[PDB]
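Worksheet: the structure to be examined is printed underneath.
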Amino acid sequence: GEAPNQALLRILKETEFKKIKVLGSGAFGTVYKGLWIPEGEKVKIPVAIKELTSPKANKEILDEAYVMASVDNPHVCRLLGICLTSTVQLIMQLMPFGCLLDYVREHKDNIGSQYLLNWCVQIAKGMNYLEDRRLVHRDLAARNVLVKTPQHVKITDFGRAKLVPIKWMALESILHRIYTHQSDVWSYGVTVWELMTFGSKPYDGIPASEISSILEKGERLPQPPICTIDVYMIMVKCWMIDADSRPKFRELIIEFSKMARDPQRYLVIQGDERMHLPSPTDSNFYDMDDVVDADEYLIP
Ligand SMILES: CC[C@H](C)n1nc(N2CC(C(C)(C)O)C2)c2cnc(Nc3ccnc(-c4cnn(S(=O)(=O)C5CC5)c4)n3)cc21
């Protein structure tokens, strides 16, 4: 059959989690900001703690734990461990800049072409990795891309990942519930559109029930003002009826990489290049002592 999944599920003690405060709540559940202080290791890891006491809630979150514990890529979010309390909690890496959707909306005036094109390469890299691991995300959107640093993004939310977000879904998925890596490619094109429009809602005001009809007639999301025909043509290719005619994620990495070498040729932004976003070599970016990021804290 398939290859044995030898990933390790780390059961973490409640007593090892300090300075807990709410980051956000919604349909997704509740995400808390915390500090993981393991054993006598002299490390304080900034963490995010997710929870959806119901047996069906524990089933769904343990399915997300299963997928999230099985992934290992710089552009994908890995599970650090789980905490078994009244409800099952997922322990993950704190992404200080939150989701990419809210980031593009709040920092629109300082987001340049190089940042936008790099985010596209990075999302495609993480997506290609999921394809290698034979995983179909089934919920790629700008809301599910987290910002570690303005120059480093990662894909998350494995609640729907396998081996309804209508406005992000490929037409085969809306009509026949068919999900493939090529259906994820359609969602990637919508994710790209969301970025290029600085967080615009796709098909705003249009009800979900009308989307399938809109797509069948031949209607697609419009060309963002900053997008050259070069960038939009890539988005359009992700939205073709025939899934096999859509680009492969490895081709999106190549296409956006070439473009990111001359970003002003592919994205037209007023007051470009001069736009600055916080870097790790800048003041007040970071007890403070013994703080180690999850990407630098390997195994026990
Ligand atoms: C995505 C929204 C979630 C509430 N959230 N908010 C953050 N903070 C906002 C705060 C400021 C204001 C300072 O910007 C940063 C934040 C930081 N790290 C992680 N960490 C991770 C890591 C891996 N996965 C997840 C994860 C998985 N599912 N979800 S979700 O269901 O909340 C997603 C659909 C929104 C988050 N979170 C998640 C974070």
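Convention: chains lettered A, B, ... in structure tokens order; per-chain residue numbering from 1; ligands numbered from 1 as shown.
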Counting only C-alpha atoms and all ligand atoms, which residues of chain A fall within 9 Å of ligand 1, and what is the closest atom pair for each with its distance in Å at one decimal, ordered by chain and rising number, as a Markdown table?
| residue | atom | partner | partner_atom_place_in_ligand_line | distance |
| --- | --- | --- | --- | --- |
| A:22 | CA | ligand 1 | 4 (C) | 8.3 |
| A:23 | CA | ligand 1 | 6 (N) | 5.1 |
| A:24 | CA | ligand 1 | 4 (C) | 4.2 |
| A:25 | CA | ligand 1 | 4 (C) | 6.6 |
| A:26 | CA | ligand 1 | 32 (O) | 7.9 |
| A:27 | CA | ligand 1 | 31 (O) | 8.0 |
| A:28 | CA | ligand 1 | 31 (O) | 4.3 |
| A:29 | CA | ligand 1 | 31 (O) | 6.5 |
| A:30 | CA | ligand 1 | 32 (O) | 7.0 |
| A:31 | CA | ligand 1 | 4 (C) | 4.9 |
| A:32 | CA | ligand 1 | 4 (C) | 7.3 |
| A:33 | CA | ligand 1 | 17 (C) | 7.0 |
| A:47 | CA | ligand 1 | 20 (N) | 7.0 |
| A:48 | CA | ligand 1 | 20 (N) | 4.7 |
| A:49 | CA | ligand 1 | 20 (N) | 7.5 |
| A:50 | CA | ligand 1 | 26 (C) | 6.8 |
| A:51 | CA | ligand 1 | 31 (O) | 8.8 |
| A:52 | CA | ligand 1 | 31 (O) | 8.5 |
| A:64 | CA | ligand 1 | 27 (C) | 8.7 |
| A:68 | CA | ligand 1 | 24 (N) | 8.5 |
| A:76 | CA | ligand 1 | 23 (C) | 8.5 |
| A:77 | CA | ligand 1 | 23 (C) | 5.1 |
| A:78 | CA | ligand 1 | 23 (C) | 7.0 |
| A:79 | CA | ligand 1 | 23 (C) | 7.4 |
| A:90 | CA | ligand 1 | 27 (C) | 8.5 |
| A:91 | CA | ligand 1 | 22 (C) | 8.1 |
| A:92 | CA | ligand 1 | 22 (C) | 4.9 |
| A:93 | CA | ligand 1 | 22 (C) | 4.8 |
| A:94 | CA | ligand 1 | 18 (N) | 3.8 |
| A:95 | CA | ligand 1 | 18 (N) | 3.8 |
| A:96 | CA | ligand 1 | 15 (C) | 4.7 |
| A:97 | CA | ligand 1 | 14 (O) | 4.2 |
| A:98 | CA | ligand 1 | 15 (C) | 3.7 |
| A:99 | CA | ligand 1 | 1 (C) | 4.8 |
| A:100 | CA | ligand 1 | 1 (C) | 8.5 |
| A:102 | CA | ligand 1 | 14 (O) | 8.5 |
| A:103 | CA | ligand 1 | 14 (O) | 8.0 |
| A:143 | CA | ligand 1 | 35 (C) | 5.7 |
| A:144 | CA | ligand 1 | 34 (C) | 5.4 |
| A:145 | CA | ligand 1 | 1 (C) | 7.7 |
| A:146 | CA | ligand 1 | 1 (C) | 6.4 |
| A:147 | CA | ligand 1 | 17 (C) | 8.1 |
| A:148 | CA | ligand 1 | 18 (N) | 8.1 |
| A:154 | CA | ligand 1 | 23 (C) | 8.2 |
| A:155 | CA | ligand 1 | 24 (N) | 8.0 |
| A:156 | CA | ligand 1 | 24 (N) | 5.0 |
| A:157 | CA | ligand 1 | 28 (N) | 4.1 |
| A:158 | CA | ligand 1 | 27 (C) | 7.2 |
| A:159 | CA | ligand 1 | 28 (N) | 7.7 |
Checklist entry - Where does DSSP see strand (DSSP E or B) in region 4-252 of chain A, if you list the residues as JSON, numbers by chain? => result {"A": [11, 17, 18, 19, 20, 21, 22, 23, 24, 25, 26, 29, 30, 31, 32, 33, 34, 35, 36, 44, 45, 46, 47, 48, 49, 50, 51, 76, 81, 82, 83, 84, 88, 89, 90, 91, 92, 93, 99, 136, 145, 146, 147, 148, 149, 152, 153, 154, 155, 162, 227]}
Next on the checklist: Could you list, as JSON, numbers by chain, every residue within 7 Å of region 179-190 of chain A, counting only C-alpha atoms and ignoring same-chain residues fewer than 2 positions away?
Outcome noted: {"A": [131, 136, 137, 138, 140, 141, 168, 169, 170, 173, 177, 192, 193, 194, 235, 238, 239, 243, 244, 246, 249]}
Next on the checklist: What does the structure give for the distance between CA of residue 241 (chain A) and CA of residue 163 (chain A), in Å to one decimal?
Outcome noted: 22.6 Å
Next on the checklist: List as a VMD selection string the protein and nucleic acid residues near residue 263 (chain A), meaning an atom at most 6 Å away when only C-alpha atoms are counted, but skip any in the same chain fewer than 2 places from it.
Outcome noted: chain A and resid 113 to 114 259 to 260 265 to 266
So that I can check the secondary structure, give me every residue of region 92-181 of chain A assigned alpha helix (DSSP H) by backbone DSSP, as a PDB file with C-alpha atoms, in the first residue's frame.
ATOM      1  CA  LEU A 100      -1.557  37.389   5.375  1.00  0.00           C
ATOM      2  CA  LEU A 101      -5.125  38.577   4.575  1.00  0.00           C
ATOM      3  CA  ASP A 102      -5.230  41.057   7.489  1.00  0.00           C
ATOM      4  CA  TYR A 103      -1.541  41.970   6.827  1.00  0.00           C
ATOM      5  CA  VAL A 104      -2.143  43.082   3.174  1.00  0.00           C
ATOM      6  CA  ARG A 105      -5.186  45.162   4.363  1.00  0.00           C
ATOM      7  CA  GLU A 106      -3.366  46.840   7.307  1.00  0.00           C
ATOM      8  CA  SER A 113       5.932  44.228  -5.749  1.00  0.00           C
ATOM      9  CA  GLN A 114       8.952  42.274  -4.365  1.00  0.00           C
ATOM     10  CA  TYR A 115       7.014  41.327  -1.216  1.00  0.00           C
ATOM     11  CA  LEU A 116       3.858  40.340  -3.181  1.00  0.00           C
ATOM     12  CA  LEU A 117       5.776  38.229  -5.752  1.00  0.00           C
ATOM     13  CA  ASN A 118       7.900  36.533  -3.019  1.00  0.00           C
ATOM     14  CA  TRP A 119       4.720  35.584  -1.105  1.00  0.00           C
ATOM     15  CA  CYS A 120       3.467  33.931  -4.361  1.00  0.00           C
ATOM     16  CA  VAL A 121       6.745  31.887  -4.748  1.00  0.00           C
ATOM     17  CA  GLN A 122       6.517  30.891  -1.025  1.00  0.00           C
ATOM     18  CA  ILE A 123       2.810  29.868  -1.158  1.00  0.00           C
ATOM     19  CA  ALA A 124       3.542  27.807  -4.361  1.00  0.00           C
ATOM     20  CA  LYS A 125       6.607  26.146  -2.616  1.00  0.00           C
ATOM     21  CA  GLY A 126       4.531  25.124   0.416  1.00  0.00           C
ATOM     22  CA  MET A 127       1.749  23.916  -1.914  1.00  0.00           C
ATOM     23  CA  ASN A 128       4.214  21.905  -4.071  1.00  0.00           C
ATOM     24  CA  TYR A 129       5.464  20.244  -0.810  1.00  0.00           C
ATOM     25  CA  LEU A 130       1.865  19.257   0.099  1.00  0.00           C
ATOM     26  CA  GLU A 131       1.588  17.765  -3.439  1.00  0.00           C
ATOM     27  CA  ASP A 132       4.830  15.759  -2.833  1.00  0.00           C
ATOM     28  CA  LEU A 171     -15.871  24.425 -10.392  1.00  0.00           C
ATOM     29  CA  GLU A 172     -15.480  20.546 -10.276  1.00  0.00           C
ATOM     30  CA  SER A 173     -15.394  20.878  -6.456  1.00  0.00           C
ATOM     31  CA  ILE A 174     -18.588  23.009  -6.342  1.00  0.00           C
ATOM     32  CA  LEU A 175     -20.516  20.727  -8.751  1.00  0.00           C
ATOM     33  CA  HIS A 176     -19.091  17.243  -8.032  1.00  0.00           C
ATOM     34  CA  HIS A 181      -3.917  19.163  -6.391  1.00  0.00           C
TER      35      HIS A 181
END
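Taking CA of residue 149 (chain A) and CA of residue 280 (chain A) as the two end points, the separation is 7.7 Å.
The shortest atom-to-atom distance to residue 293 (chain A), with only C-alpha atoms taken into account, belongs to A:45 out of A:45, A:254, A:161, A:20.
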Checklist entry - Counting only C-alpha atoms, what is within 12 Å of residue 8 (chain A), bar same-chain residues fewer than 6 positions away, as JSON, numbers by chain? => result {"A": [65, 66, 67, 68, 69, 70, 71, 72, 78, 79, 80, 81, 82, 299, 300]}
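Taking CA of residue 37 (chain A) and CA of residue 59 (chain A) as endpoints, the distance between them is 27.4 Å.
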